[PDB]
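1. Based on what follows, work out the 3D shape:
(7 chains, ligands or ions: 15)
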Amino acid sequence: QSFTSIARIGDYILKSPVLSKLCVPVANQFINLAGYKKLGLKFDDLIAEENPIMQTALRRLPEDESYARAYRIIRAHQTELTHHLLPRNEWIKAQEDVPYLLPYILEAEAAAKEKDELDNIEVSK
Amino acid sequence: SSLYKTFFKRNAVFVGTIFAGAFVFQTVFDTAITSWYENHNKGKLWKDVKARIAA
Amino acid sequence: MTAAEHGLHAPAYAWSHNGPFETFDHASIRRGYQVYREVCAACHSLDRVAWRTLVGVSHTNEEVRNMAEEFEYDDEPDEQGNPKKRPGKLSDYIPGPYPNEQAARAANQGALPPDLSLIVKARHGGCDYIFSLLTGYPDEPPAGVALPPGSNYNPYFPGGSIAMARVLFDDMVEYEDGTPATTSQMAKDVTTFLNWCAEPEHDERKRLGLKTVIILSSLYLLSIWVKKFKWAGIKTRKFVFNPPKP
Amino acid sequence: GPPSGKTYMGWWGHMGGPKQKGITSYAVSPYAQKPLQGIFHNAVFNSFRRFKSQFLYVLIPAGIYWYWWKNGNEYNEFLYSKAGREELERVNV
Amino acid sequence: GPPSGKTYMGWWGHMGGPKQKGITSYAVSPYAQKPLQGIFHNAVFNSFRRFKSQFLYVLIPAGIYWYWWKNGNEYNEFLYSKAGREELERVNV
Amino acid sequence: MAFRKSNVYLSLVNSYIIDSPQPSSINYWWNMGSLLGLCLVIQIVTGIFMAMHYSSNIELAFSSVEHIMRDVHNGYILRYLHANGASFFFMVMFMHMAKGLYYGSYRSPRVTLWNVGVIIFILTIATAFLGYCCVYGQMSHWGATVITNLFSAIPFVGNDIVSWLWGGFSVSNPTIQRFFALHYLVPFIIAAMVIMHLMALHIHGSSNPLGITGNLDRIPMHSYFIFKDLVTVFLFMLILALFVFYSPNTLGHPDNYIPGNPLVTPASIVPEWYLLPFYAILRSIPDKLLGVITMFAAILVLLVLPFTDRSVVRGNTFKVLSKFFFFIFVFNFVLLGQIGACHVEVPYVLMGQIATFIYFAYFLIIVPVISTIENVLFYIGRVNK
Amino acid sequence: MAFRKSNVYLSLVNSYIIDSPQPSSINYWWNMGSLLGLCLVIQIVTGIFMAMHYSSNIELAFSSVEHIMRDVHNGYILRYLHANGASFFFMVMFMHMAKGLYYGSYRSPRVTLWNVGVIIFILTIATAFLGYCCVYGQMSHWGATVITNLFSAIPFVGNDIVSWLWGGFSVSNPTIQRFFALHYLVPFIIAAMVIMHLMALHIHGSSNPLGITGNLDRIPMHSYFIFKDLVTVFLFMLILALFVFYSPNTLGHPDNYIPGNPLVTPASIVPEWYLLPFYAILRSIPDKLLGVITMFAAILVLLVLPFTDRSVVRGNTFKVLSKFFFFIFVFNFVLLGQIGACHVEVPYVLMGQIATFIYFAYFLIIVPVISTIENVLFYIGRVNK
Ligand SMILES: CCCCCCCCCCC(=O)OC[C@H](COP(=O)(O)OC[C@H](O)COP(=O)(O)OC[C@@H](COC(=O)CC)OC(=O)CCC)OC(=O)CCC
Ligand SMILES: CCCCCCCCCCC(=O)OC[C@H](COP(=O)(O)OC[C@H](O)COP(=O)(O)OC[C@@H](COC(=O)CC)OC(=O)CCC)OC(=O)CCC
Ligand SMILES: CCCCCCCCCCCCCCCCCC(=O)OC[C@H](COP(=O)(O)OCCN)OC(=O)CCCCCCCCCCCCC
Ligand SMILES: CCCCCCCCCCCCCCCCCC(=O)OC[C@H](COP(=O)(O)OCCN)OC(=O)CCCCCCCCCCCCC
Ligand code: HEM
Ligand code: HEM
Ligand code: HEM
Ligand code: HEM
Ligand code: HEM
Ligand SMILES: CCCCCCCCCCCCCCC(=O)O[C@H](COC(=O)CCCCCCCCCCCC)COP(=O)(O)O
Ligand SMILES: CCCCCCCCCCCCCCCCCC(=O)O[C@H](COC(=O)CCCCCC)COP(=O)(O)OCCN
Ligand SMILES: CCCCCCCCCCCCCCCCCC(=O)O[C@H](COC(=O)CCCCCC)COP(=O)(O)OCCN
Ligand SMILES: C/C=C(C)/C=C/C=C/[C@H](OC)[C@@H](C)[C@@H](OC)[C@@H](C)CCc1oc2c(O)c(OC)cc(OC)c2c(=O)c1C
Ligand SMILES: C/C=C(C)/C=C/C=C/[C@H](OC)[C@@H](C)[C@@H](OC)[C@@H](C)CCc1oc2c(O)c(OC)cc(OC)c2c(=O)c1C
Ligand SMILES: OC[C@H]1O[C@@](CO)(O[C@H]2O[C@H](CO)[C@@H](O)[C@H](O)[C@H]2O)[C@@H](O)[C@@H]1O
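-> Numbering: from 1, shown residues only, chains lettered A, B, ... in the order given. Ligands and ions are numbered 1, 2, ... in the order given. Pasting the structure now:
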């Protein structure tokens, strides 16, 4: 599933007071149960990267955040291999669980979509 | 452990010794097991029954 | 499936060979052979069992040699090409009662008494089933059950209707070692003998099992300790991040 | 040697990951660590950690299926007993 | 993959040969050539020349071995005939 | 460079078993592959040595297995190792496949790895089938009979294929002799397929329990994993030994201790345990043709997973709904097996039909629906607008 | 990149069969390899299909081959293809080896290539031997007896190994049955070695008739050599078809059409034609142990060639003395084969002993002396100082 699609559905719900009051709480619960923050990872660190869109995005990510991502990943594999969790003071907090890569992903997705449309445009003489 | 050092002194056991030990272990281990096994089954073995049947 | 069709579940008796460390009771094997020879042999074969296998298990070389020599077998034809017989030997297999299936069914009202060399392994329940069947014939079937002319009721048999009639009765045999030959005692003894026929490697199998499991259990614990050592440096590896200067 | 395709994994020296800077790691020789006693110190103590965190994801479906089995197993038992031949004639054919 | 052990052969583009310069090659498409029905009359006599430069390397040894065999086979025949039993008894045992 | 890297043969051993970069965090579930390699070797070695005392003729088949049990020195060890070994082979392959399901191992870029695996599963089941037939017991005869007849469901040429497979009017001498010939062949094809499996595994390396790149922290296969695998090798051997010497027949059927009889199908007939779930699936369809199709589709549907999983992350580790349904699936699979072991009776029939639907719905409905829902949940649970 | 180069599986096919850079000047002698591959496939396929109707029991073996000959549709074609196929396999292999000696294919950097080849040669011979035993004709029995007894020459454990190979007091049931099991096994081992053979060939590529570097002018395997190999494939099939359909038993022995008899070794006993040269070598030594050692050394001495060839150039193309002595070797090998078919009688015994000496002298004395001499001839024949 494309992030454009995920965002479209997600924004729609997030803008709707009725749906938003109903879903978001369930989603917050889901993310806490997911437990990746206890491993010190942000959600965007979990996205499978073995595809062109993600490679483009990870290429464009600024140097400093890229080094930061690398650390969270390495630290996580180590924690996971020891079968422990990180001390609470190292858990990613909700405020920190920011969609840092998402904008780069959406940008890459839009460019590929346009390129696909332009590659298959029909002409009306 | 000094018990280990007196025999191998900070070196790991070499193949030759390992193999040699394996040969000693087979003989000794087999005897010990057969011995324990036969004793646990005293009265049931054929050799025990053969002794009984004497007439 | 109805209870009758299923057949009554066989209870668990305390066979002295039940258990990782137990061999068969050889005195019981020896007694079982007698029951087979004097009570079962007349209808049931033991085709996969060779005389020589009884030696060192339940009889001496001499006892088996003498037992085998009581039977005739087809020998190699004479110089003229005419067929000739010979007394059995240790290399021969315990002779069956019938020349073919047809003769067998004729002597049993159409029914065929199966070969018992694997009966203990060829039936769910094993020894418990064989024993329960042999000692489970009531004097009469339960009320309401109509029995096919020529059949016998036994709750442990699927369907309840079996072609074999009860054959074990108190003191129909006289054990050589002076053991009281009661029906259940004889049932216990042949079943033990039949288990040996089916699994002659039993005793030796369990002995090697003890050896194999002690070595592997040790090997297993050893491998864990060794693994933990080779991984100690990685398991305790520490990381520190100092955001690089742009 | 012929040119094969690109993948997301390389080899020692060019594994395929992002550039790493600022991370420092430390380790100690296994030969310098306490002769393994962590089998009954931080393994039996920290034991049931993986249990109480995940067991619900396994236990609920396990329980759901076990109940469904036992329920259907008992219904079968009744259907084939004397008391159940009436309902057996119905539900069957 | 891992570092490859270098040999004396490479692949298209880096075959492992010396740098080539000053040599020009020309070729014509097989589609524009005489339908290969010109094997005879044009170069049929060209044959034999190939197996006239080599026949002695094969023939002399073949001749050497053929006569050695023929010579021994005839001796065997004689040794086992009435006439040869005289010499047979001597050379045998 | 080191001889292990420069030598034409050793460099292969080095790249796959020595310097191979493994994700530092792969857990014990990743030990199942090495275990399947052991199984294949165990199966082949024991089979060859038994092959030396076996006779495929339908009249000597059963007795020759009895000859191996009684007359061959350590023959009963060879047979129990082979027979129980086959069972362990399937229990380990089921765990290996389940590991794949749970951690999204089937996802790109490992689709080919997964597909070749599905190929291996099919060959392994066919091999096991052929081997069981060689014993020529009651279950062997009727199993050969039922399974070859599976092809009679093919319209038009159906019955000819079956006569061709049998080589006669029914499962008989030519059937057992070719089946033994084929039983000997396939293990070598599986090995060939295993090599292809490893070739696909190698270009991408293994995945890990986190489902993210393992590129930032790899540790060599040699020592770490060579010794970690040894741990499971010994536990596998210990447990197989427990069954081989102490309970060698609890995983089999007593009916296979009775020589095959062409005129009598035992009322107590039951397929080998590892085939029970597929058996239950087929038994749930009240139509001959549709029944075999659905059963075969039960294996082939494993091929659709790379496309039905809509998740933006690989693996179930951080997904509550996916984790719950993964276990529903696993337990539904065990129930399908238990149903297979029961008779075609009222409560059981409907349960099987329901469990069969749950089996297919997991790949075709639950996975794509739940994954899509989780994608959105991860999004709205943090992003503000 | 083209899919044939990018895909994990097709890239192997492409590097070995499609884009492989072949020396532009290799001649038809370089077509034997592919022909040997064809031979292996012919043997395996025809063998598997016959195995489906075979019975390894010593009481049933011979008759089961007769059953294939008479009762199996196209069964005589399977057997005649398999049997004659074996001989062709050996004739093509001898030419493949000869091609090697001639063009110096055994020398650096191709020694590993050559050594694997020697390994394959031994394995093939053992396979063919095991196969011949399965027919259980008169030649089968006695061949099995003599060949297994070859090991009784080993001091102390000698007779024990024989008893173990036999599985009893003499070549009997246990022997024929295990020999069939091993006959089925070795061909897959050979296939695996052939892969190792091709792996070693690949890193260095083929040599050429000029004995010099082929790096300055290579042409693709595909089209050129794919279609050139097809030429020899059809020729090979044409000649083989001629024997299979018109002279099926010319390369065989009539005695093998007689069931094995443990009490009578026919006076007409002769080994299969492809083993005669080696058989003649053994007979040439009036001592049991030395006889078997010399015969085995006759195969192993092939490993010495890389070191005894002192020449500074690879191949015999431009070497008068080496070309001559090479043919002395070829015809001496053929003669050794002829002596093999003769009785142990006066003229022949000496001829065999001298020919045996020439066989060994070639590798150990002639090659090194002649190559050294030619090294000096090439030098003084032009260098003016
Ligand atoms: C009938 C046929 C059966 C044949 C199959 C036999 C082989 C079974 C394989 C078992 C398996 O794959 O289970 C894997 C799970 C995952 O585990 P994990 O997250 O990676 O481990 C964290 C470790 O404690 C790290 O700890 P460790 O330092 O490496 O030692 C671990 C432990 C390993 O024990 C084993 O043998 C593994 C099963 O050693 C011990 O302390 C045991 C002392 C008695 O292990 C479990 O949780 C087991 C429950 C399913
Ligand atoms: C024996 C039983 C089992 C074996 C069965 C299979 C037999 C195959 C083995 C034979 C072999 O390898 O011979 C190789 C020699 C070397 O040859 P060369 O120097 O490389 O060739 C130059 C070509 O003519 C170029 O010419 P071309 O354009 O390629 O056509 C060649 C020729 C090829 O014929 C063949 O089938 C190849 C042997 O076709 C013809 O015009 C003639 C048709 C009869 O070919 C010879 O001419 C032999 C000389 C002694
Ligand atoms: C054709 C298709 C065939 C496929 C069918 C499936 C095969 C049949 C199933 C056989 C056993 C397979 C069990 C499931 C496979 C292993 C699952 C797994 O990988 O679990 C990982 C999980 C916890 O690991 P985590 O990494 O997610 O922990 C988070 C750390 N931060 O670990 C856990 O949650 C604990 C594991 C609990 C296992 C209990 C299994 C119950 C199986 C019944 C046994 C059958 C005998 C009758
Ligand atoms: C264990 C020991 C293994 C070794 C055993 C060897 C057994 C012998 C193998 C049987 C067949 C012999 C094959 C001959 C070997 C290869 C011959 C060869 O390569 O000859 C090349 C030669 C001319 O080739 P050039 O490349 O040197 O030409 C350069 C042009 N400027 O062209 C020629 O010389 C002409 C071709 C010669 C034909 C070969 C005739 C010998 C036939 C044997 C008959 C078989 C009897 C049953
Ligand atoms: C104590 C000696 C005997 C033993 C241990 C014995 C044991 C058995 C066993 C275990 C079975 C198998 C039943 C099954 O299918 O589960 C059986 C069947 C049978 N036995 Fe015996 N038996 C004995 C004596 C006899 C005698 C003396 C006769 C012949 C008059 C006989 C006739 C039969 C027949 C005809 C069956 C067929 C049962 C059927 O299929 O309905 N048995 N017996
Ligand atoms: C003879 C049977 C098989 C052998 C020897 C085998 C062996 C292996 C090995 C050695 C590995 C790497 C370590 C591991 O993850 O265990 C592996 C990985 C894998 N195999 Fe298999 N396999 C077999 C059958 C299968 C089957 C039937 C499937 C799928 C239907 C499968 C799917 C996979 C996948 C997806 C991986 C990658 C797992 C990951 O890295 O996440 N394999 N296999
Ligand atoms: C992937 C490998 C293999 C598998 C999964 C496999 C599986 C089986 C199975 C399930 C049986 C019946 C077991 C029983 O209940 O007795 C069997 C029997 C047999 N297999 Fe295999 N087998 C394999 C490889 C081999 C090989 C390579 C050979 C041939 C060299 C072989 C020869 C036999 C023989 C002789 C029997 C009959 C004896 C017996 O019942 O165990 N097997 N096999
Ligand atoms: C089933 C057995 C064998 C197969 C399938 C096989 C196949 C091949 C193939 C495909 C080639 C390349 C093309 C050619 O030169 O014909 C080759 C090359 C070679 N093989 Fe074999 N071979 C086999 C046995 C042997 C044996 C027995 C030896 C030597 C004792 C050997 C020695 C060589 C050598 C030295 C080369 C390189 C020749 C050169 O390039 O000058 N092979 N083989
Ligand atoms: C790949 C190398 C192989 C070679 C060199 C080879 C060679 C031979 C030889 C010399 C014979 C005796 C032929 C005769 O005089 O009747 C034979 C027989 C036989 N081979 Fe093979 N064989 C090979 C592979 C196989 C394979 C893979 C099988 C599979 C089981 C097989 C099955 C048989 C059978 C059943 C016979 C007996 C029937 C007959 O006489 O043809 N062979 N083989
Ligand atoms: C098809 C796959 C089947 C099996 C897969 C399992 C993979 C593990 C193979 C074990 C090889 C261990 C060699 C270690 C080595 O060379 O390191 C050597 C050390 O070796 C040792 O210390 C020997 C310990 C005993 C090894 C136990 C044998 C294993 C039992 C075999 C069962 C497998 C079927 C390098 O040592 P160093 O690094 O300290 O200098
Ligand atoms: C099913 C098989 C799939 C095929 C994959 C093949 C992988 C092989 C795995 C096993 C590797 C173990 C054996 C490798 C031997 C290493 C030594 C070596 O290569 O020394 C070789 C010489 O070897 C020989 O002469 C005989 C090799 C016979 C191998 C028998 C199995 C030295 O070769 P070297 O690399 O030094 O060459 C230098 C350039 N002049
Ligand atoms: C003993 C074995 C010796 C060595 C074995 C290797 C020899 C290879 C010979 C096989 C030639 C056949 C290759 C056909 C496969 C080409 C297509 C392919 O790989 O598509 C694969 C998918 O293949 C499958 O799903 C099934 C594998 C086929 C199993 C065949 C038995 C696509 O893989 P792809 O290369 O395109 O990956 C990049 C795209 N994202
Ligand atoms: C020459 C080679 C041939 C013909 C290969 C054929 C391969 C077929 C399939 O493998 C791919 C097949 C083995 C596989 O189906 C996908 C299994 C899950 C089949 C499951 C299976 O088992 C049974 C069984 O074992 C029995 O035992 C006594 C009895 C059985 O009914 C009474 C069955 C049965 O009703 C089914 C569906
Ligand atoms: C389980 C596998 C086993 C035991 C394999 C053993 C393999 C041994 C060797 O292969 C490597 C061996 C076949 C190979 O020696 C190098 C051959 C050249 C042997 C040549 C050979 O053949 C004969 C033959 O064929 C006969 O037929 C009727 C009769 C024979 O005498 C009368 C012989 C004979 O006197 C010799 C020396
Ligand atoms: O073969 C025995 C014979 O007995 C009959 C007599 O009517 O059945 C009764 O007696 C049997 C032997 O005591 C019981 O086994 C049976 O249950 C009882 O009804 C016949 O039916 C039977 O053929």
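2. what helix or strand does the residue of the stretch 251-385 of chain F found nearest ligand 7 sit in?
-> Distances between the stretch 251-385 of chain F and ligand 7 by CB to the nearest ligand atom are smallest at residue F:252, namely 5.5 Å. For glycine as for every other residue, the C-beta is placed from the backbone atoms N, C-alpha and C. Counting by DSSP states H and E, there is no helix or strand that carries residue F:252.
3. how about it, what does it touch?
-> Taking CB atoms under 8 Å, 6 or more residues apart in numbering or on different chains as the contact definition, residue F:252 lies against F:83, F:272.
4. what's the spacing between it and residue F:272?
-> 8 Å (CB to CB, to the nearest Å).
5. Any residues of chain A in contact with ligand 3? List them.
-> Applying CB under 6 Å from any ligand atom, we find that chain A lies next to ligand 3 at residue A:80.
6. And whichever residue of chain A sits closest to ligand 4, how far from chain G?
-> Residue nearest to ligand 4 within chain A: residue A:50 (52.8 Å; CB to the nearest ligand atom). Residue A:50 is 15 Å from chain G, where distance means CB to the nearest CB, to the nearest Å.
7. swap in residue A:98?
-> From residue A:98 to chain G the distance is 38 Å (CB to the nearest CB).
8. Next up, phi/psi of that residue, please.
-> phi -90, psi 140 (degrees, to the nearest 10).
9. And for residue C:85?
-> Per degrees, to the nearest 10, the backbone of residue C:85 is at phi -100, psi 170.
10. tally of neighbours for the residue lying closest to it once chain neighbours are set aside?
-> Among residues not flanking residue C:85 along the chain, residue C:72 sits closest, at 4.5 Å (CB to CB, 6 or more residues apart in numbering or on different chains). Using other CB atoms under 10 Å in any protein chain shown, the number of residues around residue C:72 comes to 11.
11. Look up the residues forming beta bridges with residue C:72.
-> Here residue C:72 sits in beta bridges with residue C:87, going by DSSP bridges.
12. is it true that it touches residue C:89?
-> No. The pair residue C:72 / residue C:89 is not scored as a contact, 11.5 Å apart, by CB atoms under 8 Å.
13. ok, now which ones touch residue 54?
-> The chain I'm using is chain A. Per CB under 8 Å, 6+ apart, neighbours of residue A:54: A:47, A:48, A:105.
14. oops, I was thinking of chain C
-> Counting by CB under 8 Å, 6+ apart, the residues that residue C:54 touches are C:33, C:63, C:64, C:67.
15. Let's see if you can find the most crowded of these.
-> Neighbour max across the contacts of residue C:54 (other CB under 10 Å) = residue C:33, 25 neighbours.
16. Would you mind measuring from it to chain E?
-> From residue C:33 over to chain E (counting by CB to the nearest CB), the distance is 65 Å.
17. Could you tell me which residues touch both of residue F:252 and residue F:272?
-> By CB under 8 Å, 6+ apart, no residue touches both residue F:252 and residue F:272.
18. do stretch C:222-240 and ligand 10 meet at all?
-> No. Stretch C:222-240 is not in contact with ligand 10 by CB under 6 Å from any ligand atom; minimum separation 7.7 Å.
19. could you measure residue C:156 against residue D:77, distance?
-> For residue C:156 relative to residue D:77 (CB to CB), the value is 20 Å.
20. So between those two, which is more surrounded?
-> The residue with more neighbours, out of residue C:156 and residue D:77, is residue C:156; 22 against 12, by other CB under 10 Å.
21. Which of the helices or strands spans the residue nearest the centre of chain C?
-> Among the residues of chain C, the one closest to the centroid is residue C:195, at 2.2 Å (CA atoms, centre = their mean). Take DSSP H and E as the rule and residue C:195 turns out to sit in helix C:183-198.
22. and after that helix, which helix or strand comes next?
-> The helix or strand immediately downstream of helix C:183-198 is helix C:202-235, counting by DSSP H and E.
23. circling back: who are the contact partners of the residue nearest to residue C:85?
-> C:85, C:86, C:87, C:88.
24. Tell me where chain A has helices.
-> Taking DSSP state H as the test, the helices found in chain A are A:3-15, A:17-34, A:52-60, A:63-81, A:102-119.
25. For residue F:325, which of those is the nearest?
-> Closest to residue F:325 of these is helix A:17-34 (CB to CB; 14.3 Å).
26. Quickly check: the closest one near chain F or not.
-> Yes. With CB under 8 Å from any CB of the partner chain as the criterion, chain F is reached by helix A:17-34 at A:20, A:23, A:24, A:26, A:27, A:28, A:30, A:31, A:33, A:34.
27. Only the buried residues of stretch A:41-57, if you could.
-> A:41-50, A:53-54, A:56-57 (16 or more other CB atoms under 10 Å in any protein chain shown).
28. mind saving the C-alpha coords of stretch A:26-43 as PDB?
-> This file holds the C-alpha atoms of stretch A:26-43, laid out as PDB (Å, rounded to 0.1, in the frame of the first residue of the first chain):
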ATOM      1  CA  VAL A  26      -7.700   3.000  19.400                       C
ATOM      2  CA  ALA A  27      -4.700   3.900  17.200                       C
ATOM      3  CA  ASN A  28      -2.800   5.400  20.200                       C
ATOM      4  CA  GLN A  29      -3.500   2.100  22.100                       C
ATOM      5  CA  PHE A  30      -2.300   0.100  19.100                       C
ATOM      6  CA  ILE A  31       1.000   2.000  18.900                       C
ATOM      7  CA  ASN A  32       1.700   1.600  22.600                       C
ATOM      8  CA  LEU A  33       1.000  -2.200  22.300                       C
ATOM      9  CA  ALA A  34       3.200  -2.300  19.200                       C
ATOM     10  CA  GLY A  35       6.100  -1.700  21.500                       C
ATOM     11  CA  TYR A  36       8.700  -0.300  19.100                       C
ATOM     12  CA  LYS A  37       9.200   2.800  21.200                       C
ATOM     13  CA  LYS A  38      10.400   0.500  24.000                       C
ATOM     14  CA  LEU A  39      13.100  -0.600  21.600                       C
ATOM     15  CA  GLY A  40      14.000   3.000  20.900                       C
ATOM     16  CA  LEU A  41      12.700   3.100  17.300                       C
ATOM     17  CA  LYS A  42      10.400   5.700  15.700                       C
ATOM     18  CA  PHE A  43       7.700   4.400  13.500                       C
END
